[PDB]
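The structure appears right after this line, and notes come after that.
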Amino acid sequence: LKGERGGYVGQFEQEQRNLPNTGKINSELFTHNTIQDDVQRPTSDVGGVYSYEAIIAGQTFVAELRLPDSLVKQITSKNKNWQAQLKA
RNA sequence: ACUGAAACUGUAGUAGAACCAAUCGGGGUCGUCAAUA
């Protein structure tokens, strides 16, 4: 055998009878340059080219904000529709 | 127990060189056609 080393597994109940669904995150490499302004082309003095891997568009992620009841009281006493402010 | 910032995938480079839209041809000239009685 070899160990599993990454990716994300979905939900799994004590009698799932199936392997859990596996989510994969699509990522792409983007490549950029810096232009040395007097020669108007990349040069070693400006570092030339650099790359970023990025999580591409269209991916959907779930976070959770956890708050104690005392803060949720505090918020709700000031805005009853406060979870609507979390749309951004 | 707190998102790094900032950075043009740009710079130089003639889709071009060679290649016949061409070769041959008198604006010419004679007997055919029909089948019977």
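Just remember, in the structure tokens the first chain shown is A, the second B, etc., residues are 1-based per chain, and ligands are 1-based in the order shown.
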Do you have, as JSON lines, the list of residues of chain A lying at most 7 Å from chain B, each with its nearest atom pair and that distance in Å to one decimal, counting only C-alpha atoms (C1' of nucleotides) and ordered by chain then number?
{"residue": "A:31", "atom": "CA", "partner": "B:9", "partner_atom": "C1'", "distance": 6.8}
{"residue": "A:32", "atom": "CA", "partner": "B:9", "partner_atom": "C1'", "distance": 5.5}
{"residue": "A:33", "atom": "CA", "partner": "B:9", "partner_atom": "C1'", "distance": 5.4}
{"residue": "A:34", "atom": "CA", "partner": "B:7", "partner_atom": "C1'", "distance": 5.0}
{"residue": "A:35", "atom": "CA", "partner": "B:8", "partner_atom": "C1'", "distance": 6.7}
{"residue": "A:41", "atom": "CA", "partner": "B:11", "partner_atom": "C1'", "distance": 4.9}
{"residue": "A:42", "atom": "CA", "partner": "B:10", "partner_atom": "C1'", "distance": 6.2}
Written selection (N, CA, C and O atoms) as a CSV table (one decimal), in the first residue's frame:
chain,number,residue,atom,x,y,z
A,31,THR,N,1.7,33.2,-15.6
A,31,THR,CA,3.1,33.7,-15.7
A,31,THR,C,3.1,35.1,-16.2
A,31,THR,O,2.3,35.5,-17.0
A,32,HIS,N,4.0,35.9,-15.6
A,32,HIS,CA,4.0,37.3,-15.7
A,32,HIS,C,5.4,37.8,-16.0
A,32,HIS,O,6.3,37.0,-15.8
A,33,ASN,N,5.6,39.0,-16.4
A,33,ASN,CA,6.9,39.6,-16.5
A,33,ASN,C,7.0,40.9,-15.8
A,33,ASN,O,6.0,41.6,-15.5
A,34,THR,N,8.2,41.4,-15.7
A,34,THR,CA,8.4,42.8,-15.3
A,34,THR,C,9.3,43.4,-16.5
A,34,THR,O,10.2,42.8,-16.9
A,35,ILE,N,8.9,44.6,-16.9
A,35,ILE,CA,9.5,45.3,-18.0
A,35,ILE,C,10.5,46.3,-17.4
A,35,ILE,O,10.1,47.2,-16.5
A,41,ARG,N,11.7,46.0,-22.2
A,41,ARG,CA,11.6,44.6,-22.3
A,41,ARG,C,12.1,44.0,-21.0
A,41,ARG,O,12.8,44.7,-20.3
A,42,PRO,N,11.6,42.8,-20.6
A,42,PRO,CA,12.2,42.3,-19.3
A,42,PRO,C,13.7,42.1,-19.4
A,42,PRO,O,14.3,41.9,-20.5
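DSSP, applied to the backbone of this structure, assigns helix (DSSP H, G or I) to the following residues of chain A: residues 44, 45, 46, 69, 70, 71, 72, 73, 74, 75, 76, 77, 78, 82, 83 and 84 of chain A.
Residue neighbourhood of residue A:86, excluding near-sequence residues (fewer than 4 positions): residues 64, 65, 81 and 82 of chain A, at 12 Å, using only C-alpha atoms (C1' of nucleotides).
All residues in chain A with a DSSP state of strand (DSSP E or B), computed from the backbone, read residues 8, 9, 22, 23, 27, 28, 29, 30, 31, 32, 33, 36, 41, 49, 50, 51, 52, 53, 54 and 55 of chain A.
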Write out the residues from the selection above, keeping N, CA and C atoms, as a tab-separated table (two decimals), in the first residue's frame.
chain	number	residue	atom	x	y	z
A	8	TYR	N	-9.43	16.09	-0.68
A	8	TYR	CA	-10.45	16.20	0.35
A	8	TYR	C	-11.50	15.12	0.14
A	9	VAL	N	-11.91	14.48	1.23
A	9	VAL	CA	-12.98	13.49	1.19
A	9	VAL	C	-14.28	14.13	1.65
A	22	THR	N	-14.75	12.36	-3.36
A	22	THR	CA	-13.47	13.04	-3.34
A	22	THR	C	-13.56	14.34	-4.14
A	23	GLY	N	-13.30	15.45	-3.47
A	23	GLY	CA	-13.22	16.75	-4.12
A	23	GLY	C	-11.80	17.09	-4.54
A	27	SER	N	-6.32	24.12	-10.15
A	27	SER	CA	-5.41	25.24	-10.02
A	27	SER	C	-4.59	25.37	-11.29
A	28	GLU	N	-4.29	26.60	-11.69
A	28	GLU	CA	-3.55	26.85	-12.92
A	28	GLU	C	-2.37	27.76	-12.62
A	29	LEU	N	-1.29	27.57	-13.35
A	29	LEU	CA	-0.13	28.45	-13.29
A	29	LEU	C	-0.28	29.64	-14.23
A	30	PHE	N	-0.10	30.84	-13.69
A	30	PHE	CA	-0.11	32.08	-14.45
A	30	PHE	C	1.29	32.68	-14.44
A	31	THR	N	1.73	33.17	-15.59
A	31	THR	CA	3.09	33.66	-15.74
A	31	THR	C	3.07	35.11	-16.18
A	32	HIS	N	3.96	35.89	-15.58
A	32	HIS	CA	3.97	37.33	-15.69
A	32	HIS	C	5.39	37.77	-15.98
A	33	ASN	N	5.58	39.01	-16.38
A	33	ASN	CA	6.92	39.56	-16.47
A	33	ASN	C	6.98	40.94	-15.85
A	36	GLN	N	11.74	46.30	-17.83
A	36	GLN	CA	12.67	47.38	-17.55
A	36	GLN	C	12.38	48.56	-18.46
A	41	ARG	N	11.66	46.00	-22.24
A	41	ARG	CA	11.58	44.55	-22.32
A	41	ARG	C	12.07	44.03	-20.99
A	49	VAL	N	10.71	37.21	-15.23
A	49	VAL	CA	9.39	36.59	-15.18
A	49	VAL	C	9.20	35.92	-13.83
A	50	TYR	N	7.95	35.84	-13.42
A	50	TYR	CA	7.52	35.21	-12.19
A	50	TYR	C	6.20	34.53	-12.45
A	51	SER	N	5.88	33.53	-11.63
A	51	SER	CA	4.66	32.76	-11.78
A	51	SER	C	3.90	32.67	-10.48
A	52	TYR	N	2.58	32.62	-10.59
A	52	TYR	CA	1.68	32.26	-9.50
A	52	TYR	C	0.86	31.05	-9.91
A	53	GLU	N	0.83	30.02	-9.07
A	53	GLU	CA	-0.30	29.11	-9.08
A	53	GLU	C	-1.51	29.81	-8.47
A	54	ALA	N	-2.68	29.57	-9.04
A	54	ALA	CA	-3.89	30.11	-8.45
A	54	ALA	C	-5.00	29.08	-8.51
A	55	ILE	N	-5.84	29.09	-7.47
A	55	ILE	CA	-7.14	28.45	-7.53
A	55	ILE	C	-7.98	29.16	-8.58
